[PDB]
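> mmCIF, C-alpha atoms and all ligand atoms, file entry-v2.cif:
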```cif
data_query
#
loop_
_atom_site.label_atom_id
_atom_site.label_comp_id
_atom_site.auth_asym_id
_atom_site.auth_seq_id
_atom_site.Cartn_x
_atom_site.Cartn_y
_atom_site.Cartn_z
CA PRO A 238 0.00 0.00 0.00
CA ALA A 239 1.10 3.54 0.84
CA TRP A 240 2.22 2.16 4.22
CA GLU A 241 5.49 0.76 2.87
CA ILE A 242 8.72 2.70 3.47
CA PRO A 243 12.33 1.82 2.55
CA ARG A 244 14.41 0.12 5.28
CA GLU A 245 16.98 2.94 4.87
CA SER A 246 14.53 5.53 6.22
CA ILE A 247 14.67 4.01 9.72
CA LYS A 248 17.56 3.75 12.18
CA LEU A 249 17.25 1.37 15.16
CA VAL A 250 19.09 2.66 18.25
CA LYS A 251 18.18 0.87 21.51
CA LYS A 252 16.69 -2.59 22.12
CA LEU A 253 13.61 -2.60 24.39
CA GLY A 254 12.35 -6.21 24.45
CA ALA A 255 12.97 -9.80 23.36
CA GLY A 256 10.54 -12.73 23.01
CA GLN A 257 10.06 -15.77 20.77
CA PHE A 258 8.38 -13.83 17.93
CA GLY A 259 11.03 -11.10 17.64
CA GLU A 260 12.30 -7.85 19.16
CA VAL A 261 11.16 -4.27 19.86
CA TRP A 262 13.48 -1.29 19.25
CA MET A 263 13.50 2.46 19.80
CA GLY A 264 14.40 4.19 16.53
CA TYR A 265 14.01 7.12 14.13
CA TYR A 266 12.11 7.43 10.84
CA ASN A 267 14.64 9.40 8.80
CA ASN A 268 16.19 11.09 11.82
CA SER A 269 13.27 13.48 12.34
CA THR A 270 10.62 11.37 14.11
CA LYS A 271 10.96 9.06 17.13
CA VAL A 272 9.42 5.63 16.47
CA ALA A 273 9.07 2.11 17.89
CA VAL A 274 10.15 -0.77 15.65
CA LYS A 275 8.64 -4.23 16.15
CA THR A 276 10.93 -6.86 14.62
CA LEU A 277 9.81 -10.29 13.38
CA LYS A 278 12.26 -13.13 14.04
CA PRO A 279 12.12 -14.85 10.63
CA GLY A 280 10.80 -18.41 10.77
CA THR A 281 8.82 -17.98 14.00
CA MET A 282 5.50 -16.40 13.00
CA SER A 283 4.18 -16.30 9.48
CA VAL A 284 4.85 -12.95 7.78
CA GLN A 285 1.12 -12.64 7.03
CA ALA A 286 0.19 -13.41 10.64
CA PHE A 287 2.79 -10.97 12.01
CA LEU A 288 1.42 -8.19 9.78
CA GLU A 289 -2.23 -8.89 10.68
CA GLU A 290 -1.68 -6.61 13.67
CA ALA A 291 -0.54 -3.83 11.33
CA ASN A 292 -3.38 -4.46 8.85
CA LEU A 293 -5.78 -4.08 11.78
CA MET A 294 -4.19 -0.77 12.92
CA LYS A 295 -4.64 0.73 9.42
CA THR A 296 -8.34 0.80 10.33
CA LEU A 297 -8.00 1.71 14.02
CA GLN A 298 -6.96 5.35 14.31
CA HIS A 299 -7.76 7.26 17.52
CA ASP A 300 -5.75 9.32 20.03
CA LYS A 301 -5.95 6.77 22.88
CA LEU A 302 -4.64 4.01 20.60
CA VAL A 303 -1.00 3.67 19.55
CA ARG A 304 -0.91 4.69 15.90
CA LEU A 305 0.83 2.76 13.13
CA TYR A 306 3.21 4.92 11.10
CA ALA A 307 4.51 2.50 8.46
CA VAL A 308 5.90 -0.97 7.60
CA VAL A 309 8.98 -2.55 5.98
CA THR A 310 7.89 -5.79 4.29
CA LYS A 311 9.91 -5.96 1.04
CA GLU A 312 13.02 -7.52 2.64
CA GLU A 313 13.49 -10.52 4.97
CA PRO A 314 13.55 -8.79 8.42
CA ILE A 315 9.98 -7.38 8.56
CA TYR A 316 9.34 -4.22 10.65
CA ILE A 317 6.21 -2.72 12.23
CA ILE A 318 6.75 1.00 12.85
CA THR A 319 4.52 2.71 15.45
CA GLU A 320 4.37 5.84 17.61
CA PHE A 321 6.99 5.88 20.38
CA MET A 322 5.65 5.79 23.95
CA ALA A 323 8.36 7.07 26.30
CA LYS A 324 7.25 5.53 29.63
CA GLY A 325 6.78 1.96 28.29
CA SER A 326 3.85 -0.27 29.21
CA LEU A 327 1.51 0.73 32.04
CA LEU A 328 2.43 -2.47 33.88
CA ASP A 329 6.15 -1.62 34.00
CA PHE A 330 5.48 2.05 34.71
CA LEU A 331 3.18 1.34 37.67
CA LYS A 332 5.86 -0.91 39.21
CA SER A 333 8.74 1.56 38.78
CA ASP A 334 9.94 3.94 41.49
CA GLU A 335 8.30 6.81 39.59
CA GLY A 336 5.00 4.95 39.10
CA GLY A 337 4.85 3.90 42.76
CA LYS A 338 4.61 7.64 43.51
CA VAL A 339 1.62 8.36 41.23
CA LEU A 340 -1.43 8.97 43.43
CA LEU A 341 -5.03 7.80 43.02
CA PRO A 342 -6.29 10.89 41.09
CA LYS A 343 -3.93 10.19 38.15
CA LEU A 344 -4.67 6.45 38.35
CA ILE A 345 -8.37 7.20 37.74
CA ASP A 346 -7.18 9.40 34.86
CA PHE A 347 -5.17 6.53 33.30
CA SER A 348 -8.19 4.31 33.78
CA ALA A 349 -10.61 6.80 32.20
CA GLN A 350 -8.21 7.26 29.26
CA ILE A 351 -8.32 3.54 28.45
CA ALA A 352 -12.12 3.47 28.76
CA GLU A 353 -12.05 6.25 26.14
CA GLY A 354 -9.84 4.25 23.73
CA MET A 355 -12.01 1.18 24.27
CA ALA A 356 -15.19 3.21 23.62
CA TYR A 357 -13.83 3.95 20.15
CA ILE A 358 -13.11 0.27 19.57
CA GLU A 359 -16.69 -0.68 20.47
CA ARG A 360 -18.04 2.25 18.44
CA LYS A 361 -15.97 0.93 15.53
CA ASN A 362 -17.53 -2.56 16.19
CA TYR A 363 -14.27 -4.26 17.14
CA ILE A 364 -13.03 -6.41 19.99
CA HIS A 365 -9.52 -6.32 21.43
CA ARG A 366 -9.46 -9.66 23.36
CA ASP A 367 -6.09 -8.90 24.99
CA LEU A 368 -6.87 -5.92 27.23
CA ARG A 369 -4.49 -5.59 30.18
CA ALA A 370 -1.91 -3.22 31.70
CA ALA A 371 1.02 -4.77 29.80
CA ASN A 372 -0.86 -3.95 26.57
CA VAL A 373 -1.36 -0.28 27.45
CA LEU A 374 1.50 2.13 26.74
CA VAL A 375 2.46 5.43 28.44
CA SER A 376 3.79 8.60 26.77
CA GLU A 377 6.13 11.19 28.33
CA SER A 378 3.13 13.46 29.08
CA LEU A 379 1.69 10.42 30.96
CA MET A 380 -0.99 9.71 28.33
CA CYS A 381 -2.27 6.14 28.02
CA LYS A 382 -2.73 4.46 24.66
CA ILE A 383 -3.98 0.97 23.85
CA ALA A 384 -1.41 -1.25 22.10
CA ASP A 385 -0.95 -4.78 20.80
CA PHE A 386 -3.81 -5.60 18.43
CA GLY A 387 -2.53 -9.12 17.75
CA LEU A 388 -5.77 -10.66 19.07
CA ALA A 389 -8.13 -7.85 18.03
CA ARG A 390 -10.85 -8.85 15.55
CA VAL A 391 -13.73 -7.19 13.68
CA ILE A 392 -16.89 -8.73 15.19
CA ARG A 400 -5.00 -16.51 15.64
CA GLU A 401 -1.55 -17.74 14.90
CA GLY A 402 0.76 -17.59 17.60
CA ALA A 403 -1.20 -15.98 20.34
CA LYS A 404 -2.47 -16.80 23.81
CA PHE A 405 -5.51 -15.20 25.38
CA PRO A 406 -4.77 -13.84 28.85
CA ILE A 407 -6.65 -16.41 30.95
CA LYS A 408 -6.66 -14.27 34.11
CA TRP A 409 -8.13 -11.32 32.15
CA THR A 410 -10.61 -13.23 29.96
CA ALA A 411 -14.37 -13.29 30.68
CA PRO A 412 -15.95 -16.56 31.88
CA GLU A 413 -18.23 -16.84 28.82
CA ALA A 414 -15.22 -16.30 26.55
CA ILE A 415 -13.26 -19.10 28.27
CA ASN A 416 -16.10 -21.61 28.62
CA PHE A 417 -18.03 -20.90 25.41
CA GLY A 418 -15.52 -19.10 23.17
CA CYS A 419 -17.87 -16.13 23.16
CA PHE A 420 -15.75 -13.01 22.64
CA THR A 421 -17.72 -9.77 22.45
CA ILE A 422 -17.15 -6.17 23.51
CA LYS A 423 -18.72 -7.20 26.83
CA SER A 424 -15.86 -9.66 27.43
CA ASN A 425 -13.45 -6.74 26.91
CA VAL A 426 -15.42 -4.94 29.66
CA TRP A 427 -14.60 -7.90 31.92
CA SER A 428 -10.92 -7.48 31.00
CA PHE A 429 -11.16 -3.75 31.74
CA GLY A 430 -12.31 -4.57 35.30
CA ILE A 431 -9.16 -6.66 35.80
CA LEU A 432 -7.11 -3.80 34.30
CA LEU A 433 -8.62 -1.52 36.99
CA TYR A 434 -7.43 -4.03 39.58
CA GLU A 435 -3.93 -3.81 38.02
CA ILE A 436 -3.98 0.00 38.16
CA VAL A 437 -5.23 0.36 41.73
CA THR A 438 -2.69 -2.21 43.04
CA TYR A 439 0.27 -0.80 41.05
CA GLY A 440 0.70 -3.75 38.67
CA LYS A 441 -0.04 -6.75 40.91
CA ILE A 442 -0.91 -10.01 39.15
CA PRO A 443 -4.63 -10.90 39.17
CA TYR A 444 -5.64 -13.62 41.66
CA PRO A 445 -2.37 -13.63 43.63
CA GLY A 446 -1.13 -17.16 44.28
CA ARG A 447 -3.72 -18.76 42.01
CA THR A 448 -2.82 -20.83 38.96
CA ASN A 449 -4.78 -20.31 35.70
CA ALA A 450 -6.64 -23.57 36.27
CA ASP A 451 -7.62 -22.48 39.81
CA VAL A 452 -9.04 -19.30 38.28
CA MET A 453 -11.30 -20.75 35.54
CA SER A 454 -12.53 -23.32 38.10
CA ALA A 455 -13.09 -20.59 40.71
CA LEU A 456 -14.99 -18.41 38.21
CA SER A 457 -17.31 -21.31 37.31
CA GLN A 458 -18.16 -21.24 41.05
CA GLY A 459 -18.80 -17.48 41.07
CA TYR A 460 -15.50 -16.23 42.45
CA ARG A 461 -14.67 -12.54 42.20
CA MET A 462 -11.61 -10.89 43.70
CA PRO A 463 -12.54 -9.32 47.06
CA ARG A 464 -12.22 -5.55 47.57
CA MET A 465 -8.51 -4.75 47.45
CA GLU A 466 -6.66 -2.56 49.97
CA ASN A 467 -6.55 1.16 49.03
CA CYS A 468 -9.47 0.89 46.60
CA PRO A 469 -12.49 3.20 47.18
CA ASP A 470 -15.99 1.67 47.35
CA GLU A 471 -16.91 3.57 44.17
CA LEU A 472 -13.97 2.23 42.18
CA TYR A 473 -14.65 -1.30 43.44
CA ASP A 474 -18.29 -0.90 42.32
CA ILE A 475 -16.98 -0.08 38.84
CA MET A 476 -14.97 -3.34 38.91
CA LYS A 477 -17.94 -5.34 40.24
CA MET A 478 -19.93 -3.88 37.35
CA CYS A 479 -17.47 -5.24 34.78
CA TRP A 480 -17.48 -8.62 36.51
CA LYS A 481 -21.23 -9.25 36.30
CA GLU A 482 -22.01 -12.85 35.32
CA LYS A 483 -24.34 -12.05 32.41
CA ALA A 484 -22.37 -10.27 29.66
CA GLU A 485 -25.48 -8.26 28.66
CA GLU A 486 -25.63 -6.83 32.20
CA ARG A 487 -22.14 -5.29 32.03
CA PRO A 488 -21.94 -1.57 31.23
CA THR A 489 -20.74 -0.08 27.95
CA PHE A 490 -17.31 1.56 27.66
CA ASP A 491 -19.03 4.88 26.87
CA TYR A 492 -20.54 4.67 30.38
CA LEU A 493 -17.26 3.76 32.10
CA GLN A 494 -15.48 6.72 30.45
CA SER A 495 -18.25 8.98 31.74
CA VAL A 496 -18.45 7.60 35.30
CA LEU A 497 -14.67 7.47 35.75
CA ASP A 498 -14.07 10.94 34.28
CA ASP A 499 -16.41 12.66 36.74
CA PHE A 500 -14.82 10.85 39.67
CA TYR A 501 -13.59 14.06 41.12
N1 LIG B 601 5.37 1.79 21.09
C1 LIG B 601 6.22 1.41 22.08
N2 LIG B 601 6.99 2.32 22.71
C2 LIG B 601 7.85 1.97 23.70
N3 LIG B 601 8.01 0.70 24.13
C3 LIG B 601 7.30 -0.33 23.59
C4 LIG B 601 6.34 -0.02 22.50
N4 LIG B 601 5.78 -1.19 22.15
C5 LIG B 601 6.33 -2.16 22.93
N5 LIG B 601 7.23 -1.65 23.79
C6 LIG B 601 8.02 -2.44 24.79
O1 LIG B 601 8.48 -3.68 24.23
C7 LIG B 601 8.07 -4.81 25.01
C8 LIG B 601 7.22 -5.77 24.17
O2 LIG B 601 6.08 -5.10 23.62
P1 LIG B 601 4.76 -5.87 23.10
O3 LIG B 601 4.04 -4.97 22.12
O4 LIG B 601 4.01 -6.39 24.31
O5 LIG B 601 5.35 -7.11 22.26
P2 LIG B 601 4.66 -8.57 22.25
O6 LIG B 601 5.69 -9.51 21.69
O7 LIG B 601 3.36 -8.43 21.50
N6 LIG B 601 4.29 -9.01 23.92
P3 LIG B 601 5.48 -9.60 25.07
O8 LIG B 601 6.19 -10.72 24.35
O9 LIG B 601 4.66 -10.07 26.25
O10 LIG B 601 6.38 -8.44 25.42
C9 LIG B 601 7.30 -4.28 26.21
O11 LIG B 601 8.03 -4.58 27.41
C10 LIG B 601 7.17 -2.78 26.01
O12 LIG B 601 7.65 -2.06 27.14
#
```
Using the file provided, produce a representation of the structure as structure tokens.

Amino acid sequence: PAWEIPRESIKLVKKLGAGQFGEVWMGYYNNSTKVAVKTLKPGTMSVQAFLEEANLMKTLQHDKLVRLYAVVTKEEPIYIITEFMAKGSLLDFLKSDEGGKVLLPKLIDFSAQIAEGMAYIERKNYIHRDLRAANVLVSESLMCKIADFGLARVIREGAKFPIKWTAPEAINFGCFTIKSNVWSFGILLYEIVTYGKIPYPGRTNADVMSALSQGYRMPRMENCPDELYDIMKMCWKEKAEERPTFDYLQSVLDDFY
């Protein structure tokens, strides 16, 4: 398309992450613009499967969603070039010394920002399926954007749904809808309020999907206001239909203060 750029017009500077499917690098699109470069380790994923994430992003363009800038697909090492987010994932940020110092007001902000990005995704008739703090990125101005549309569909090779973030009807019946993303959002609120703690501490994945089939919900966590817990408990309603829309969450969270 007009998304292709020559390999020469990007310089990779610092390595950010590893993984089985390739690497992520900080870089520059012809010197001028700071970018993130996702690298495919040839042989691992299919090239078509690796680019499905990019193909998806071509359609998904909103401020609270990491934007795609371009791709390099003509030559063996395939690149996905996206907007650089200075503070990394929300998970890592929340756990850093700096993030440990961010008070509850700005946590509700982060949370409301993601609800905004998700409200676009549901308005666009899409599902994300992989919504969690590790898949949300933070800019220098402390803006949150949704990332990682590897599992996002218009309503898989590699690819593992996040069991501990996935709605019970999605696990047990394979029923992924925007309402299952609302479930995931509730867990993402848990991650925010606890500064990046793992869901269901000390519970294996199997324990969790068994516990959920018995109506387990995480009890009110320390340093979480009734009102914020009621938002979580709203996302964790058994019947998917009875869970609120993202447009509602963005409203209720935004006026939280
Ligand atoms: N746009 C970006 N700006 C800055 N850092 C990023 C960006 N995208 C990814 N990273 C970092 O690179 C790492 C991997 O990113 P991610 O998009 O999760 O790749 P992945 O292979 O899909 N998932 P994982 O294997 O769990 O890291 C994370 O630790 C992020 O901190």
> Within 9 Å of ligand LIG 601 (chain B) (counting only C-alpha atoms and all ligand atoms), which residues show up? I'd like them as number ranges by chain.
A: 252-263, 272-275, 303-304, 318-330, 371-376, 384-387, 403
> So that each row is one residue of region 368-455 of chain A with an atom at most 10 Å from region 336-358 of chain A, can you give its shortest atom pair and the distance in Å to one decimal, using only C-alpha atoms, rows by chain and rising number, as CSV?

```
residue,atom,partner,partner_atom,distance
A:368,CA,A:355,CA,9.3
A:370,CA,A:351,CA,9.9
A:373,CA,A:351,CA,8.0
A:375,CA,A:347,CA,9.1
A:379,CA,A:347,CA,8.2
A:380,CA,A:347,CA,7.2
A:381,CA,A:347,CA,6.0
A:382,CA,A:351,CA,6.8
A:383,CA,A:354,CA,6.7
A:389,CA,A:358,CA,9.6
A:391,CA,A:358,CA,9.5
A:422,CA,A:358,CA,8.6
A:425,CA,A:355,CA,8.5
A:426,CA,A:355,CA,8.8
A:429,CA,A:352,CA,7.9
A:430,CA,A:348,CA,9.9
A:432,CA,A:348,CA,8.2
A:433,CA,A:348,CA,6.7
A:436,CA,A:344,CA,6.5
A:437,CA,A:344,CA,7.0
A:438,CA,A:337,CA,9.7
A:439,CA,A:337,CA,6.8
A:440,CA,A:337,CA,9.6
```
> How many Å lie between CA of residue 277 (chain A) and CA of residue 313 (chain A), rounded to one decimal?
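These atoms are spaced 9.2 Å apart.
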> Can you tell me how far CA of residue 481 (chain A) sits from CA of residue 457 (chain A), in Å to one decimal?
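Atom-to-atom, CA of residue 481 (chain A) to CA of residue 457 (chain A), that is 12.7 Å.
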> By how many Å are CA of residue 482 (chain A) and CA of residue 407 (chain A) apart?
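These two atoms are separated by 16.4 Å.
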> Which residues come within 9 Å of residue 294 (chain A), counting all atoms listed in the file, excluding same-chain residues fewer than 2 positions away, as a list in words?
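That gives residues 289, 290, 291, 292, 296, 297, 298, 303, 304, 305 and 386 of chain A.
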> List the spatial neighbours of residue 408 (chain A) as a VMD selection string - criterion: any atom at most 8 Å away, only C-alpha atoms, same-chain residues fewer than 2 positions off excluded.
chain A and resid 406 410 443 to 444 449 452
> Export, as a PDB file, keeping the file's coordinate frame, the selected residues with C-alpha atoms.

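Written output follows (result.pdb):
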```pdb
ATOM      1  CA  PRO A 406      -4.770 -13.840  28.850  1.00  0.00           C
ATOM      2  CA  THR A 410     -10.610 -13.230  29.960  1.00  0.00           C
ATOM      3  CA  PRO A 443      -4.630 -10.900  39.170  1.00  0.00           C
ATOM      4  CA  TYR A 444      -5.640 -13.620  41.660  1.00  0.00           C
ATOM      5  CA  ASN A 449      -4.780 -20.310  35.700  1.00  0.00           C
ATOM      6  CA  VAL A 452      -9.040 -19.300  38.280  1.00  0.00           C
TER       7      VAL A 452
END
```
> Could you check which of A:308, A:472, A:286, A:293 is closest to residue 241 (chain A), using all atoms listed in the file?
A:308
> Counting all atoms listed in the file, what is within 9 Å of residue 484 (chain A), bar same-chain residues fewer than 5 positions away, as JSON, numbers by chain?
{"A": [411, 413, 421, 423, 424, 426, 427, 479]}
> I need the residue nearest residue 461 (chain A) from this list: A:418, A:412, A:243, A:446. Use all atoms listed in the file for the distance.
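For residue 461 (chain A), the nearest of the given residues is A:412.
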